[PDB]
Structures are given as C-alpha cells and as structure tokens.
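Everything below concerns the one structure shown next.
Reconstructed Cβ throughout: ideal geometry from the backbone, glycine too, with neighbour counts over all protein chains shown. Here, each number is a calculation from the coordinates, and none is a lab measurement.
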Ligand SMILES: [Zn+2]
Ligand SMILES: [Zn+2]
Ligand SMILES: [Zn+2]
Ligand SMILES: [Zn+2]
Ligand SMILES: [Zn+2]
Ligand SMILES: [Zn+2]
C-alpha cells in the first residue's frame, strides 16, 4: 500500500514465517521470523506457516496489534 | 500480508518514485503496484494512472488489496 515504521520485509513461497491469531487483524496477516523472535507471543495462539510468502506486517497497525510489535518496529 | 498462490512482490518506492494505480483492480485508493508488476499484467480497458506520490510497497499478490485478475504473471 502507499505511504511511508514497518518491517515490510519479504519471504518467498516456500519460506517459513509466523501466524499469530492473538495479534493479527485478520487471517491474511503474518510476520517474519526475526520480528516474531524479537517480540513476545508467550501464551498467544501462534503457528509457523510454510506456504504462500508474504510481506511482514510487523509495525503496521491496520494488520497487527501494537502490543504484538517487535522491539525494532514501533 | 500473505500471498495466495504466486507469492507477493513487496518492492518499495520512495517519496518521488512512480508506480501504478488501477481503479479497476484496487481494493481502496491507497493500493498500488510497481511498474514491473503492471507491465507483466493485463490492465487493458482498466482505469489506471501513473502515480507520483508518497512511497509505499507493491500490493501485487495480496488479495486483500488487489483483484487476483490483476496480479502480474510472476505472482500467479
Ligand atoms: Zn518482520
Ligand atoms: Zn518487527
Ligand atoms: Zn502474538
Ligand atoms: Zn487493473
Ligand atoms: Zn510489484
Ligand atoms: Zn506482481
């Protein structure tokens, strides 16, 4: 989308990333592995995802709760 | 957000870099795709414009922002 503090980092079709059902705005949202690990999802309902690729929504509050942002993306 | 078959593009523009808006394909007026994705897709008869503003990241491959009919050939 257009506009300018978001990861937006990108993974391929057979690259892993993370889904977190506690932090996501909806089921199409996801974050990269570095941003998941530098955040805290203890007790959240998260899974590793294997398919589809994506751009990291870490730092983007239309797609991800701010409580769920990693330490590098406020 | 996540891909749906052919992955996503996610390439990023700067403030004064151009890209394409397509009103036929967009989900809302903030969506946009990068020039390479526009060229490798089919928007004949669509109401598209070259846009010059504010930076962003390409939405090709993200079904929440762009009709899959309008995905480029490299994003399925
Ligand atoms: Zn990330
Ligand atoms: Zn992050
Ligand atoms: Zn979470
Ligand atoms: Zn179009
Ligand atoms: Zn693109
Ligand atoms: Zn594309």
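A few notes on this one:
- Region A:7-74 - convex hull of the alpha-carbon atoms, volume per residue in Å³: 69
- The label-point distance for residue A:67 and residue B:45, in a model that sets each label 7 Å from Cα toward Cβ, rounds to 4.9 nm.
- In the protein assembly as shown, the alpha-carbon atoms span a convex hull of 91 Å³ per residue.
- Contact order normalised by residue count of region B:9-76, Cα under 8 Å, 6+ apart, percent: 43
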